[PDB]
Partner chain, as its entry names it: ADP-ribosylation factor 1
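The data below hold one chain only, encoded as structure tokens and taken in the form solved without the partner chain.
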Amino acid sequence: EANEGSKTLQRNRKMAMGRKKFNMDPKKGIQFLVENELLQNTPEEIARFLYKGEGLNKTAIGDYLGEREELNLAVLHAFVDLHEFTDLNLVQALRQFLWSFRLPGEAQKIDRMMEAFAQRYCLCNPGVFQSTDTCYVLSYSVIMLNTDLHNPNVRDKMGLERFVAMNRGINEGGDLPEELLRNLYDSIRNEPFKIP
């Protein structure tokens, strides 16, 4: 006679095993979970698992999201869609996003994440930016500013006035508010990004 409590206990052990396998080798971890019917092999379901992140290494999460593979790309889109950026300013939203995983080192991986982020930010906050290219450019400006201001290996530091000068043109056929740019600058300047 089948004992469902036994089934649950075995499943818990397998899930614990799967998380541990994921932290070593994200694709292997996901394949194991999928094969044992512990996770559905759908972009949305895998994205929900990584967004919850229970006992998952955020560098592993990032590495999974940065694979240039059809499924992983679908997962990255779904994962960014689980974020809630409505009513946040760009730095506030970036802080939420960049807490949920550790960015890969590779520029192309970062780029795909940053494009996805910018498109989702603009959809959640229509009319803040006149295009997604503007928000993409400005999201990099903010990430680079965090690096420039808070990594001491970057010698000479960019001041507010220069940051505003670089970025005021990037909107459309007319500049943004310089209010919005000063707000982003000071935010980063006074609180670096919290990274995992």
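Residue numbers count along the first chain shown, from 1. Only the largest set of C-alpha atoms that superpose within 1.5 Å between the two forms is called the rigid core.
Unshown form solved in complex with the partner chain; subsequent notes refer to it.
Comparing 35-43, 134-142, 50-58, 22-30 against the partner chain in the deposited bound form, the single stretch with non-hydrogen atoms within 4.5 angstroms of it is 134-142. In the deposited bound form, the partner chain stays beyond 4.5 Å of every heavy atom belonging to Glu67. The shortest heavy atom separation between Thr147 and the partner chain in the deposited bound form is within 4.5 Å. Put simply, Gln108 is close to the partner chain in the deposited bound form: some heavy atom of it is within 4.5 Å. Remark: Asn171 does not count among the residues lining the partner chain in the deposited bound form, judged by a heavy atom distance of 4.5 Å or less. When the rigid core is held fixed, the Cα atom of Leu176 travels 2 angstroms or more between the shown form and the other one.
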